[PDB]
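One chain comes next, on its own, written out as structure tokens in the form deposited in one PDB entry.
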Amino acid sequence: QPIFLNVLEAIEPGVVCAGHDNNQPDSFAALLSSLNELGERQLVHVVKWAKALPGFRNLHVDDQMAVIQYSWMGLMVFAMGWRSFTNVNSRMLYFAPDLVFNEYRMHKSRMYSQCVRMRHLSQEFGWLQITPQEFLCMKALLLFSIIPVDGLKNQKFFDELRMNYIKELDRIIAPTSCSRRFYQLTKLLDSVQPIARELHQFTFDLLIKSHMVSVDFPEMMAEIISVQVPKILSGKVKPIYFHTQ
């Protein structure tokens, strides 16, 4: 019985729309406001998803929140890359059904470079022939891939929970074929982190200058970006990497 995989498939968030008006000509303010609102909508789903993961409540309740808050960006990028792979074969970024980015929107959003990398991430799902099951366990493992340098309140329970998720990834892979596969997947998991960092910087700078540019940041978005993201950007909170960068 595939108990672990059953849980992941069962708790996997459905479609989330951004509420973007696609009848109005593209503007930087409207495009970035819709992404932020999508971020907010998505956060809600990421919280409910993470809280339903196997063993997640073994974590200290305060570590539960931190982990979600540090990981959210990378979790969203990775899932978005998947959506883009399965819906449009990575030809465009499928943020939401009502928010698909072509190259014009990539350019109008002033985050073309970040978009380029995200789309490259999406292409990798196709290049490496990632299975939905690999995707599911990789995404779960992403939640436990970023922690403070000073450690969590109960680090031991995190370490065990992360160890078990790596073991689960091992299992859906399962000797030279497996060692090759594990190498490829962990390299893929590592590649999400520099991308998330670029989006962390962009979203942070944007929050600071938000009033100047008429870009709206929803309550939960503005809080994380100003309280938790600077902890990452200042080097206090760091990715866990499989390979040396």
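Position 1 is the first residue in the sequence shown; the rest follow in order.
The same protein has a further form, the form deposited with a small molecule bound, not shown here; the description that follows concerns it.
May I ask you to choose, among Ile130, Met92, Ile173, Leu161, the residue with a heavy atom within 4.5 Å of the small molecule in the deposited bound form? In short, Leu161.
Can you tell me whether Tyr165 touches the small molecule? I mean in the deposited bound form, with a 4.5 angstroms heavy atom cut-off. Close contact exists here: in the deposited bound form, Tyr165 approaches the small molecule to within 4.5 Å, heavy atoms only.
Is there a non-hydrogen atom of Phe242 within 4.5 angstroms of a non-hydrogen atom of the small molecule in the deposited bound form? Because no heavy atom of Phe242 falls inside 4.5 Å of the small molecule in the deposited bound form, the answer is no.
Residue contact check: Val61 to the small molecule in the deposited bound form, 4.5 Å heavy atom: So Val61 counts as contacting the small molecule.
Quick one: does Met65 come within 4.5 Å of the small molecule in the deposited bound form, counting heavy atoms only? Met65: yes, in contact with the small molecule in the deposited bound form.
Could you tell me if all three of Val47, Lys51 and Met220 have a heavy atom no more than 4.5 Å from the small molecule in the deposited bound form? Yes: each residue has a heavy atom within 4.5 Å of the partner.
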